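Here's work23.pdb, which has PDB, C-alpha atoms:
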ATOM      1  CA  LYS L 109     -31.554 -45.572 185.312  1.00  0.00           C
ATOM      2  CA  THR L 110     -27.918 -45.711 184.202  1.00  0.00           C
ATOM      3  CA  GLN L 111     -28.411 -48.802 182.041  1.00  0.00           C
ATOM      4  CA  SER L 112     -31.360 -47.168 180.282  1.00  0.00           C
ATOM      5  CA  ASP L 113     -29.294 -44.045 179.618  1.00  0.00           C
ATOM      6  CA  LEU L 114     -26.592 -46.129 177.939  1.00  0.00           C
ATOM      7  CA  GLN L 115     -29.078 -47.800 175.597  1.00  0.00           C
ATOM      8  CA  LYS L 116     -30.835 -44.536 174.754  1.00  0.00           C
ATOM      9  CA  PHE L 117     -27.429 -43.051 173.947  1.00  0.00           C
ATOM     10  CA  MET L 118     -26.719 -45.831 171.443  1.00  0.00           C
ATOM     11  CA  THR L 119     -29.703 -45.028 169.244  1.00  0.00           C
ATOM     12  CA  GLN L 120     -28.712 -41.393 169.739  1.00  0.00           C
ATOM     13  CA  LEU L 121     -25.452 -42.002 167.872  1.00  0.00           C
ATOM     14  CA  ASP L 122     -26.866 -43.783 164.824  1.00  0.00           C
ATOM     15  CA  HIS L 123     -29.546 -41.079 164.753  1.00  0.00           C
ATOM     16  CA  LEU L 124     -27.445 -38.021 165.609  1.00  0.00           C
ATOM     17  CA  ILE L 125     -24.847 -38.882 162.964  1.00  0.00           C
ATOM     18  CA  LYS L 126     -27.350 -40.126 160.370  1.00  0.00           C
ATOM     19  CA  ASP L 127     -28.594 -36.528 160.326  1.00  0.00           C
ATOM     20  CA  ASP L 128     -25.151 -34.926 160.633  1.00  0.00           C
ATOM     21  CA  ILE L 129     -22.374 -37.003 159.050  1.00  0.00           C
ATOM     22  CA  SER L 130     -21.965 -40.552 157.720  1.00  0.00           C
ATOM     23  CA  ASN L 131     -18.279 -41.445 157.415  1.00  0.00           C
ATOM     24  CA  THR L 132     -18.161 -41.290 161.219  1.00  0.00           C
ATOM     25  CA  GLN L 133     -20.792 -44.057 161.279  1.00  0.00           C
ATOM     26  CA  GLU L 134     -17.863 -46.389 161.948  1.00  0.00           C
ATOM     27  CA  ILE L 135     -16.596 -44.332 164.880  1.00  0.00           C
ATOM     28  CA  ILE L 136     -19.923 -43.902 166.644  1.00  0.00           C
ATOM     29  CA  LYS L 137     -20.437 -47.590 165.889  1.00  0.00           C
ATOM     30  CA  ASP L 138     -17.629 -48.480 168.289  1.00  0.00           C
ATOM     31  CA  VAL L 139     -19.057 -46.060 170.844  1.00  0.00           C
ATOM     32  CA  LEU L 140     -22.551 -47.543 170.969  1.00  0.00           C
ATOM     33  CA  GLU L 141     -20.980 -50.989 170.977  1.00  0.00           C
ATOM     34  CA  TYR L 142     -19.071 -49.870 174.063  1.00  0.00           C
ATOM     35  CA  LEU L 143     -22.194 -48.458 175.712  1.00  0.00           C
ATOM     36  CA  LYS L 144     -23.680 -51.938 175.512  1.00  0.00           C
ATOM     37  CA  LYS L 145     -20.573 -53.414 177.110  1.00  0.00           C
ATOM     38  CA  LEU L 146     -20.461 -50.788 179.844  1.00  0.00           C
ATOM     39  CA  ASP L 147     -24.195 -51.435 180.168  1.00  0.00           C
ATOM     40  CA  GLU L 148     -23.703 -54.926 181.596  1.00  0.00           C
ATOM     41  CA  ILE L 149     -20.944 -53.624 183.878  1.00  0.00           C
ATOM     42  CA  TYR L 150     -23.107 -51.036 185.638  1.00  0.00           C
ATOM     43  CA  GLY L 151     -25.574 -53.792 186.473  1.00  0.00           C
ATOM     44  CA  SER L 152     -22.886 -56.398 187.104  1.00  0.00           C
ATOM     45  CA  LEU L 153     -20.721 -54.101 189.227  1.00  0.00           C
ATOM     46  CA  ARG L 154     -19.558 -54.567 192.825  1.00  0.00           C
ATOM     47  CA  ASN L 155     -18.588 -58.119 191.838  1.00  0.00           C
ATOM     48  CA  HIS L 156     -14.858 -57.348 192.092  1.00  0.00           C
ATOM     49  CA  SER L 157     -14.384 -58.588 188.524  1.00  0.00           C
ATOM     50  CA  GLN L 158     -16.650 -56.709 186.114  1.00  0.00           C
ATOM     51  CA  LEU L 159     -15.536 -53.301 187.394  1.00  0.00           C
ATOM     52  CA  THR L 160     -12.046 -53.982 186.034  1.00  0.00           C
ATOM     53  CA  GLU L 161     -13.388 -54.184 182.484  1.00  0.00           C
ATOM     54  CA  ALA L 162     -15.321 -50.981 183.167  1.00  0.00           C
ATOM     55  CA  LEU L 163     -12.032 -49.115 183.506  1.00  0.00           C
ATOM     56  CA  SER L 164     -10.555 -50.648 180.370  1.00  0.00           C
ATOM     57  CA  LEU L 165     -13.490 -49.469 178.259  1.00  0.00           C
ATOM     58  CA  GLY L 166     -13.223 -45.948 179.630  1.00  0.00           C
ATOM     59  CA  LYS L 167      -9.633 -45.924 178.407  1.00  0.00           C
ATOM     60  CA  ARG L 168     -10.035 -47.661 175.041  1.00  0.00           C
ATOM     61  CA  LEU L 169     -13.331 -45.841 174.576  1.00  0.00           C
ATOM     62  CA  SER L 170     -11.406 -42.591 174.937  1.00  0.00           C
ATOM     63  CA  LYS L 171      -9.255 -43.566 171.961  1.00  0.00           C
ATOM     64  CA  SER L 172     -12.308 -43.847 169.716  1.00  0.00           C
ATOM     65  CA  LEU L 173     -13.499 -40.537 171.139  1.00  0.00           C
ATOM     66  CA  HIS L 174     -10.192 -38.779 170.478  1.00  0.00           C
ATOM     67  CA  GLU L 175     -10.603 -39.941 166.879  1.00  0.00           C
ATOM     68  CA  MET L 176     -14.001 -38.236 166.689  1.00  0.00           C
ATOM     69  CA  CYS L 177     -12.472 -34.787 167.177  1.00  0.00           C
ATOM     70  CA  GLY L 178      -9.095 -35.802 165.764  1.00  0.00           C
ATOM     71  CA  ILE L 179     -10.622 -36.326 162.320  1.00  0.00           C
ATOM     72  CA  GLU L 180     -13.689 -35.261 160.352  1.00  0.00           C
ATOM     73  CA  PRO L 181     -16.533 -33.190 161.901  1.00  0.00           C
ATOM     74  CA  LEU L 182     -17.080 -33.402 165.657  1.00  0.00           C
ATOM     75  CA  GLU L 183     -20.334 -34.058 167.512  1.00  0.00           C
ATOM     76  CA  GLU L 184     -21.070 -32.157 170.722  1.00  0.00           C
ATOM     77  CA  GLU L 185     -23.928 -34.484 171.667  1.00  0.00           C
ATOM     78  CA  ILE L 186     -21.830 -37.630 171.355  1.00  0.00           C
ATOM     79  CA  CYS L 187     -18.844 -35.888 172.942  1.00  0.00           C
ATOM     80  CA  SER L 188     -21.181 -34.927 175.787  1.00  0.00           C
ATOM     81  CA  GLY L 189     -22.805 -38.306 176.345  1.00  0.00           C
ATOM     82  CA  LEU L 190     -19.438 -40.046 176.177  1.00  0.00           C
ATOM     83  CA  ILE L 191     -18.000 -37.723 178.814  1.00  0.00           C
ATOM     84  CA  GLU L 192     -21.111 -38.219 180.950  1.00  0.00           C
ATOM     85  CA  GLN L 193     -21.246 -41.998 180.545  1.00  0.00           C
ATOM     86  CA  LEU L 194     -17.564 -42.192 181.470  1.00  0.00           C
ATOM     87  CA  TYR L 195     -18.039 -39.902 184.469  1.00  0.00           C
ATOM     88  CA  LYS L 196     -20.696 -42.346 185.668  1.00  0.00           C
ATOM     89  CA  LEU L 197     -18.285 -45.275 185.522  1.00  0.00           C
ATOM     90  CA  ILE L 198     -15.406 -43.229 186.923  1.00  0.00           C
ATOM     91  CA  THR L 199     -17.538 -42.312 189.937  1.00  0.00           C
ATOM     92  CA  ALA L 200     -18.748 -45.871 190.510  1.00  0.00           C
ATOM     93  CA  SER L 201     -15.385 -47.561 189.961  1.00  0.00           C
ATOM     94  CA  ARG L 202     -13.752 -45.017 192.269  1.00  0.00           C
ATOM     95  CA  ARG L 203     -16.194 -45.958 195.026  1.00  0.00           C
ATOM     96  CA  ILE L 204     -15.028 -49.560 194.642  1.00  0.00           C
ATOM     97  CA  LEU L 205     -11.321 -48.814 195.056  1.00  0.00           C
ATOM     98  CA  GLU L 206     -12.056 -46.847 198.228  1.00  0.00           C
ATOM     99  CA  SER L 207     -14.394 -49.596 199.439  1.00  0.00           C
ATOM    100  CA  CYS L 208     -11.357 -51.840 199.888  1.00  0.00           C
ATOM    101  CA  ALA L 209      -9.304 -48.965 201.321  1.00  0.00           C
ATOM    102  CA  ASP L 210      -5.500 -48.887 201.325  1.00  0.00           C
ATOM    103  CA  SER L 211      -4.580 -52.325 202.690  1.00  0.00           C
ATOM    104  CA  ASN L 212      -1.925 -54.449 200.981  1.00  0.00           C
ATOM    105  CA  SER L 213      -2.741 -56.793 198.099  1.00  0.00           C
ATOM    106  CA  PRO L 214      -1.936 -57.406 194.393  1.00  0.00           C
ATOM    107  CA  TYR L 215      -5.619 -57.099 193.490  1.00  0.00           C
ATOM    108  CA  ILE L 216      -5.602 -53.380 194.286  1.00  0.00           C
ATOM    109  CA  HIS L 217      -2.586 -52.980 192.004  1.00  0.00           C
ATOM    110  CA  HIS L 218      -4.513 -54.274 188.992  1.00  0.00           C
ATOM    111  CA  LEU L 219      -7.373 -51.885 189.746  1.00  0.00           C
ATOM    112  CA  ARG L 220      -5.031 -48.929 190.233  1.00  0.00           C
ATOM    113  CA  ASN L 221      -3.453 -49.824 186.889  1.00  0.00           C
ATOM    114  CA  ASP L 222      -6.652 -50.024 184.854  1.00  0.00           C
ATOM    115  CA  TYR L 223      -8.022 -47.140 186.928  1.00  0.00           C
ATOM    116  CA  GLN L 224      -5.050 -44.837 186.343  1.00  0.00           C
ATOM    117  CA  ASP L 225      -5.529 -45.320 182.599  1.00  0.00           C
ATOM    118  CA  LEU L 226      -9.269 -44.679 182.797  1.00  0.00           C
ATOM    119  CA  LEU L 227      -8.658 -41.448 184.709  1.00  0.00           C
ATOM    120  CA  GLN L 228      -5.782 -40.184 182.567  1.00  0.00           C
ATOM    121  CA  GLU L 229      -7.640 -40.963 179.337  1.00  0.00           C
ATOM    122  CA  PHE L 230     -10.693 -39.234 180.786  1.00  0.00           C
ATOM    123  CA  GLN L 231      -8.535 -36.172 181.385  1.00  0.00           C
ATOM    124  CA  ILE L 232      -7.458 -36.310 177.745  1.00  0.00           C
ATOM    125  CA  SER L 233     -11.022 -35.852 176.494  1.00  0.00           C
ATOM    126  CA  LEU L 234     -11.505 -32.848 178.776  1.00  0.00           C
ATOM    127  CA  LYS L 235      -8.128 -31.381 177.815  1.00  0.00           C
ATOM    128  CA  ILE L 236      -8.813 -31.280 174.074  1.00  0.00           C
ATOM    129  CA  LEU L 237     -12.358 -30.166 174.901  1.00  0.00           C
ATOM    130  CA  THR L 238     -11.308 -27.040 176.802  1.00  0.00           C
ATOM    131  CA  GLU L 239      -9.004 -26.140 173.912  1.00  0.00           C
ATOM    132  CA  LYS L 240     -11.624 -26.419 171.172  1.00  0.00           C
ATOM    133  CA  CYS L 241     -14.201 -24.894 173.518  1.00  0.00           C
ATOM    134  CA  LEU L 242     -11.870 -22.128 174.699  1.00  0.00           C
ATOM    135  CA  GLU L 243     -12.080 -20.668 171.192  1.00  0.00           C
ATOM    136  CA  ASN L 244     -15.881 -20.637 171.083  1.00  0.00           C
ATOM    137  CA  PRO L 245     -17.383 -21.236 174.570  1.00  0.00           C
ATOM    138  CA  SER L 246     -20.824 -19.953 173.575  1.00  0.00           C
ATOM    139  CA  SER L 247     -20.923 -22.284 170.570  1.00  0.00           C
ATOM    140  CA  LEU L 248     -19.896 -25.352 172.570  1.00  0.00           C
ATOM    141  CA  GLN L 249     -21.932 -24.582 175.689  1.00  0.00           C
ATOM    142  CA  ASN L 250     -23.198 -28.154 176.015  1.00  0.00           C
ATOM    143  CA  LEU L 251     -19.655 -29.497 176.346  1.00  0.00           C
ATOM    144  CA  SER L 252     -18.503 -26.709 178.666  1.00  0.00           C
ATOM    145  CA  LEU L 253     -21.559 -27.054 180.904  1.00  0.00           C
ATOM    146  CA  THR L 254     -21.106 -30.825 181.096  1.00  0.00           C
ATOM    147  CA  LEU L 255     -17.421 -30.287 181.869  1.00  0.00           C
ATOM    148  CA  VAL L 256     -18.212 -28.071 184.857  1.00  0.00           C
ATOM    149  CA  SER L 257     -20.707 -30.696 186.036  1.00  0.00           C
ATOM    150  CA  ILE L 258     -18.440 -33.748 186.093  1.00  0.00           C
ATOM    151  CA  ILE L 259     -15.935 -31.593 187.981  1.00  0.00           C
ATOM    152  CA  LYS L 260     -16.664 -30.723 191.611  1.00  0.00           C
ATOM    153  CA  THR L 261     -14.908 -29.683 194.821  1.00  0.00           C
ATOM    154  CA  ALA L 262     -16.994 -30.848 197.780  1.00  0.00           C
TER     155      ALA L 262
END
Go ahead and render the structure in this file as C-alpha coordinates.
Amino acid sequence: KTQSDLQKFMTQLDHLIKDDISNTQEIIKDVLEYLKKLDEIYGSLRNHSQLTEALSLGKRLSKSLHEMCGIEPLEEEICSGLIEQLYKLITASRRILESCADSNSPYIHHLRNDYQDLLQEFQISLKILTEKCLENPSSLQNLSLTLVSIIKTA
(Lines of atoms letter the chains of each structure in order from A and count residues from 1; the text may use other names and numbers.)
(Lines give C-alpha, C1' and ligand atoms only; values in the text may rest on other atoms or scores of the structure.)
Protein backbone atom coordinates (compact mmCIF):
# COMPACT_ATOMS: atom_id res chain seq x y z
CA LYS A 1 0.00 0.00 0.00
CA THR A 2 2.98 2.28 0.63
CA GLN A 3 4.45 1.77 -2.84
CA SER A 4 1.11 2.62 -4.45
CA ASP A 5 0.87 5.79 -2.36
CA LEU A 6 4.28 6.93 -3.60
CA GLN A 7 3.30 6.49 -7.25
CA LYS A 8 -0.07 8.18 -6.80
CA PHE A 9 1.74 11.09 -5.15
CA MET A 10 3.98 11.52 -8.20
CA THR A 11 1.12 12.18 -10.60
CA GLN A 12 -0.29 14.38 -7.83
CA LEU A 13 2.67 16.74 -8.17
CA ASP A 14 2.62 17.19 -11.94
CA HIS A 15 -1.15 17.62 -11.62
CA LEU A 16 -1.33 19.72 -8.45
CA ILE A 17 1.25 22.19 -9.77
CA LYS A 18 0.01 22.15 -13.37
CA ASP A 19 -3.16 23.71 -11.94
CA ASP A 20 -1.38 25.94 -9.41
CA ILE A 21 2.08 27.05 -10.55
CA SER A 22 4.55 26.10 -13.29
CA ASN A 23 8.03 27.41 -12.47
CA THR A 24 8.03 24.94 -9.58
CA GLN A 25 7.61 22.14 -12.15
CA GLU A 26 11.36 21.62 -11.72
CA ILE A 27 11.13 21.35 -7.94
CA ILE A 28 8.22 18.92 -7.81
CA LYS A 29 10.04 17.09 -10.59
CA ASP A 30 12.82 16.16 -8.17
CA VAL A 31 10.22 15.17 -5.58
CA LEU A 32 8.34 12.69 -7.75
CA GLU A 33 11.67 11.39 -8.99
CA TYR A 34 12.52 10.75 -5.34
CA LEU A 35 9.18 9.06 -4.67
CA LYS A 36 10.10 6.53 -7.34
CA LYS A 37 13.47 5.95 -5.70
CA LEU A 38 11.98 5.63 -2.23
CA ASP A 39 9.40 3.39 -3.90
CA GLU A 40 11.90 0.61 -4.57
CA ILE A 41 13.32 1.01 -1.05
CA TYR A 42 10.03 0.34 0.75
CA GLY A 43 9.74 -2.91 -1.18
CA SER A 44 13.45 -3.67 -1.04
CA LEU A 45 13.79 -2.85 2.66
CA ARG A 46 15.01 -5.08 5.50
CA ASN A 47 17.93 -6.03 3.24
CA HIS A 48 20.43 -4.12 5.39
CA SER A 49 21.55 -2.17 2.32
CA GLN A 50 18.61 -0.42 0.66
CA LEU A 51 17.43 1.15 3.92
CA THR A 52 20.62 3.23 4.01
CA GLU A 53 19.67 4.97 0.76
CA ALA A 54 16.20 5.49 2.21
CA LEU A 55 17.69 7.79 4.85
CA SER A 56 19.78 9.71 2.34
CA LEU A 57 16.73 10.55 0.24
CA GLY A 58 14.81 11.76 3.28
CA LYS A 59 17.66 14.19 3.89
CA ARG A 60 18.38 15.33 0.33
CA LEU A 61 14.66 15.25 -0.38
CA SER A 62 14.22 17.72 2.47
CA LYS A 63 16.52 20.15 0.67
CA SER A 64 14.26 20.19 -2.39
CA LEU A 65 11.31 20.60 -0.03
CA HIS A 66 12.88 23.52 1.83
CA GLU A 67 13.25 25.15 -1.59
CA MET A 68 9.51 24.77 -2.21
CA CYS A 69 8.64 27.10 0.67
CA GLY A 70 11.94 28.97 0.49
CA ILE A 71 11.04 30.36 -2.93
CA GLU A 72 7.95 30.98 -5.04
CA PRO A 73 4.43 29.86 -3.96
CA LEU A 74 4.13 26.91 -1.58
CA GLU A 75 1.94 23.83 -1.95
CA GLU A 76 0.21 22.39 1.12
CA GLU A 77 -0.66 19.14 -0.66
CA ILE A 78 2.92 18.46 -1.74
CA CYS A 79 4.24 19.69 1.61
CA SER A 80 1.81 17.26 3.23
CA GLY A 81 2.56 14.21 1.11
CA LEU A 82 6.29 14.80 1.43
CA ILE A 83 6.03 14.96 5.22
CA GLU A 84 3.86 11.84 5.20
CA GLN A 85 6.04 9.88 2.78
CA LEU A 86 9.09 10.75 4.87
CA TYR A 87 7.33 9.80 8.11
CA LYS A 88 6.70 6.39 6.53
CA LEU A 89 10.39 5.86 5.82
CA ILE A 90 11.45 7.35 9.16
CA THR A 91 9.20 4.87 10.96
CA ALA A 92 10.39 1.89 8.92
CA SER A 93 14.09 2.77 8.99
CA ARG A 94 13.85 3.37 12.74
CA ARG A 95 12.48 -0.15 13.21
CA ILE A 96 15.59 -1.45 11.44
CA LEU A 97 18.09 0.33 13.69
CA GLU A 98 16.32 -1.04 16.77
CA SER A 99 16.12 -4.49 15.17
CA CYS A 100 19.90 -4.76 15.52
CA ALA A 101 19.80 -3.18 18.99
CA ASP A 102 22.78 -1.47 20.62
CA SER A 103 25.60 -3.99 20.10
CA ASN A 104 28.99 -2.87 18.80
CA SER A 105 29.75 -2.60 15.08
CA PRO A 106 30.76 -0.05 12.39
CA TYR A 107 27.64 -0.87 10.38
CA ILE A 108 25.41 0.74 13.00
CA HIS A 109 27.56 3.86 12.82
CA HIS A 110 26.80 4.34 9.12
CA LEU A 111 23.08 3.94 9.79
CA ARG A 112 23.16 6.35 12.74
CA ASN A 113 24.95 8.82 10.48
CA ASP A 114 22.52 8.70 7.56
CA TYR A 115 19.69 8.34 10.08
CA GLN A 116 20.66 11.38 12.15
CA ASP A 117 20.57 13.46 8.97
CA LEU A 118 17.20 12.05 7.91
CA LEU A 119 15.74 12.87 11.33
CA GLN A 120 17.26 16.34 11.66
CA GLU A 121 16.25 17.29 8.12
CA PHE A 122 12.77 15.95 8.85
CA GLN A 123 12.64 18.26 11.86
CA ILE A 124 13.57 21.15 9.59
CA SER A 125 10.46 20.71 7.45
CA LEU A 126 8.26 20.66 10.56
CA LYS A 127 10.06 23.66 12.07
CA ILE A 128 9.45 25.99 9.12
CA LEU A 129 5.95 24.50 8.86
CA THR A 130 4.90 25.46 12.39
CA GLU A 131 6.18 28.98 11.75
CA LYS A 132 4.26 29.55 8.52
CA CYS A 133 1.29 27.68 9.99
CA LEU A 134 1.48 29.49 13.33
CA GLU A 135 0.42 32.66 11.50
CA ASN A 136 -2.63 31.08 9.86
CA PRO A 137 -3.45 27.67 11.44
CA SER A 138 -6.97 27.58 9.99
CA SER A 139 -5.65 28.26 6.49
CA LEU A 140 -2.97 25.57 6.68
CA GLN A 141 -5.05 22.97 8.53
CA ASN A 142 -3.90 20.13 6.28
CA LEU A 143 -0.26 20.68 7.25
CA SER A 144 -1.03 21.20 10.94
CA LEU A 145 -3.25 18.12 11.11
CA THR A 146 -0.61 16.01 9.37
CA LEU A 147 2.00 17.41 11.75
CA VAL A 148 0.04 16.29 14.81
CA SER A 149 -0.36 12.86 13.19
CA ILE A 150 3.29 12.06 12.50
CA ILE A 151 3.99 13.11 16.09
CA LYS A 152 2.89 10.79 18.90
CA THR A 153 3.66 9.95 22.53
CA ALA A 154 2.71 6.33 23.17
For residue 167 in chain L, list every protein, DNA or RNA residue within 10 Å, evaluated using only C-alpha atoms, and leave out those in the same chain fewer than 2 positions away; present the list as a PDB file with C-alpha atoms, in the coordinates of the input.
ATOM      1  CA  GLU L 161     -13.388 -54.184 182.484  1.00  0.00           C
ATOM      2  CA  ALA L 162     -15.321 -50.981 183.167  1.00  0.00           C
ATOM      3  CA  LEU L 163     -12.032 -49.115 183.506  1.00  0.00           C
ATOM      4  CA  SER L 164     -10.555 -50.648 180.370  1.00  0.00           C
ATOM      5  CA  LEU L 165     -13.490 -49.469 178.259  1.00  0.00           C
ATOM      6  CA  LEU L 169     -13.331 -45.841 174.576  1.00  0.00           C
ATOM      7  CA  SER L 170     -11.406 -42.591 174.937  1.00  0.00           C
ATOM      8  CA  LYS L 171      -9.255 -43.566 171.961  1.00  0.00           C
ATOM      9  CA  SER L 172     -12.308 -43.847 169.716  1.00  0.00           C
ATOM     10  CA  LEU L 173     -13.499 -40.537 171.139  1.00  0.00           C
ATOM     11  CA  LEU L 194     -17.564 -42.192 181.470  1.00  0.00           C
ATOM     12  CA  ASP L 222      -6.652 -50.024 184.854  1.00  0.00           C
ATOM     13  CA  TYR L 223      -8.022 -47.140 186.928  1.00  0.00           C
ATOM     14  CA  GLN L 224      -5.050 -44.837 186.343  1.00  0.00           C
ATOM     15  CA  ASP L 225      -5.529 -45.320 182.599  1.00  0.00           C
ATOM     16  CA  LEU L 226      -9.269 -44.679 182.797  1.00  0.00           C
ATOM     17  CA  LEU L 227      -8.658 -41.448 184.709  1.00  0.00           C
ATOM     18  CA  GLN L 228      -5.782 -40.184 182.567  1.00  0.00           C
ATOM     19  CA  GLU L 229      -7.640 -40.963 179.337  1.00  0.00           C
ATOM     20  CA  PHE L 230     -10.693 -39.234 180.786  1.00  0.00           C
ATOM     21  CA  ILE L 232      -7.458 -36.310 177.745  1.00  0.00           C
TER      22      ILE L 232
END
Open item on the list: Rounded to one decimal, what separation in Å do you get between CA of residue 157 in chain L and CA of residue 114 in chain L?
Closed with: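 Distance reported for this atom pair: 20.4 Å.
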Determine the axis-aligned bounding box of all atoms of range 136-140 of chain L present in the file, pad each side by 4 Å, and express its centre and edge lengths in Å to one decimal place as JSON.
{"center_x": -20.1, "center_y": -46.2, "center_z": 168.4, "size_x": 12.9, "size_y": 12.6, "size_z": 13.1}
Open item on the list: One decimal, in Å: what's the spacing between CA of residue 205 in chain L and CA of residue 220 in chain L?
Closed with: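 We find that CA of residue 205 in chain L and CA of residue 220 in chain L lie 7.9 Å from each other.
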Task: Pairwise distance for CA of residue 145 in chain L and CA of residue 158 in chain L, rounded to one decimal in Å - done: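 Interatomic distance here is 10.4 Å.
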Open item on the list: From the options L:119, L:211, L:233, L:155, which residue's atoms come nearest to residue 175 in chain L, counting only C-alpha atoms?
Closed with: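 For residue 175 in chain L, the nearest of the given residues is L:233.
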Once the PyMOL selection byres ((chain L and resi 195) around 10) is applied to the coordinates I shared, what remains selected? I want it as an mmCIF file with C-alpha atoms, keeping the file's coordinate frame.
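Below is the file result_13.cif, written as the result:
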data_model
loop_
_atom_site.group_PDB
_atom_site.id
_atom_site.type_symbol
_atom_site.label_atom_id
_atom_site.label_comp_id
_atom_site.auth_asym_id
_atom_site.auth_seq_id
_atom_site.Cartn_x
_atom_site.Cartn_y
_atom_site.Cartn_z
ATOM 1 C CA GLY L 166 -13.223 -45.948 179.630
ATOM 2 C CA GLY L 189 -22.805 -38.306 176.345
ATOM 3 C CA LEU L 190 -19.438 -40.046 176.177
ATOM 4 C CA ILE L 191 -18.000 -37.723 178.814
ATOM 5 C CA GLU L 192 -21.111 -38.219 180.950
ATOM 6 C CA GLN L 193 -21.246 -41.998 180.545
ATOM 7 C CA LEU L 194 -17.564 -42.192 181.470
ATOM 8 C CA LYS L 196 -20.696 -42.346 185.668
ATOM 9 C CA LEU L 197 -18.285 -45.275 185.522
ATOM 10 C CA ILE L 198 -15.406 -43.229 186.923
ATOM 11 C CA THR L 199 -17.538 -42.312 189.937
ATOM 12 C CA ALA L 200 -18.748 -45.871 190.510
ATOM 13 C CA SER L 201 -15.385 -47.561 189.961
ATOM 14 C CA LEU L 227 -8.658 -41.448 184.709
ATOM 15 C CA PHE L 230 -10.693 -39.234 180.786
ATOM 16 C CA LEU L 255 -17.421 -30.287 181.869
ATOM 17 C CA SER L 257 -20.707 -30.696 186.036
ATOM 18 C CA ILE L 258 -18.440 -33.748 186.093
ATOM 19 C CA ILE L 259 -15.935 -31.593 187.981
#
For the file shown, what are the residues hit by the PyMOL selection byres ((chain L and resi 248) around 12), laid out as an mmCIF file with C-alpha atoms, in the frame of the given file?
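Saved file selection-v5.cif follows:
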data_model
loop_
_atom_site.group_PDB
_atom_site.id
_atom_site.type_symbol
_atom_site.label_atom_id
_atom_site.label_comp_id
_atom_site.auth_asym_id
_atom_site.auth_seq_id
_atom_site.Cartn_x
_atom_site.Cartn_y
_atom_site.Cartn_z
ATOM 1 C CA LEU L 182 -17.080 -33.402 165.657
ATOM 2 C CA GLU L 183 -20.334 -34.058 167.512
ATOM 3 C CA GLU L 184 -21.070 -32.157 170.722
ATOM 4 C CA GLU L 185 -23.928 -34.484 171.667
ATOM 5 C CA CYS L 187 -18.844 -35.888 172.942
ATOM 6 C CA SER L 188 -21.181 -34.927 175.787
ATOM 7 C CA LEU L 237 -12.358 -30.166 174.901
ATOM 8 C CA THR L 238 -11.308 -27.040 176.802
ATOM 9 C CA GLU L 239 -9.004 -26.140 173.912
ATOM 10 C CA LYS L 240 -11.624 -26.419 171.172
ATOM 11 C CA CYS L 241 -14.201 -24.894 173.518
ATOM 12 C CA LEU L 242 -11.870 -22.128 174.699
ATOM 13 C CA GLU L 243 -12.080 -20.668 171.192
ATOM 14 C CA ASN L 244 -15.881 -20.637 171.083
ATOM 15 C CA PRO L 245 -17.383 -21.236 174.570
ATOM 16 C CA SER L 246 -20.824 -19.953 173.575
ATOM 17 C CA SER L 247 -20.923 -22.284 170.570
ATOM 18 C CA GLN L 249 -21.932 -24.582 175.689
ATOM 19 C CA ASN L 250 -23.198 -28.154 176.015
ATOM 20 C CA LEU L 251 -19.655 -29.497 176.346
ATOM 21 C CA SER L 252 -18.503 -26.709 178.666
ATOM 22 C CA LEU L 253 -21.559 -27.054 180.904
ATOM 23 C CA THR L 254 -21.106 -30.825 181.096
ATOM 24 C CA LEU L 255 -17.421 -30.287 181.869
#
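Remark: for residue 135 in chain L, the closest of the candidate residues L:156, L:123, L:174, L:109 is L:174 (distances computed over all atoms listed in the file).
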Open item on the list: Taking only C-alpha atoms into account, name the residue in L:181, L:110, L:176, L:160 that is nearest to residue 128 in chain L.
Closed with: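 With only C-alpha atoms as the atom set, the closest residue is L:181.
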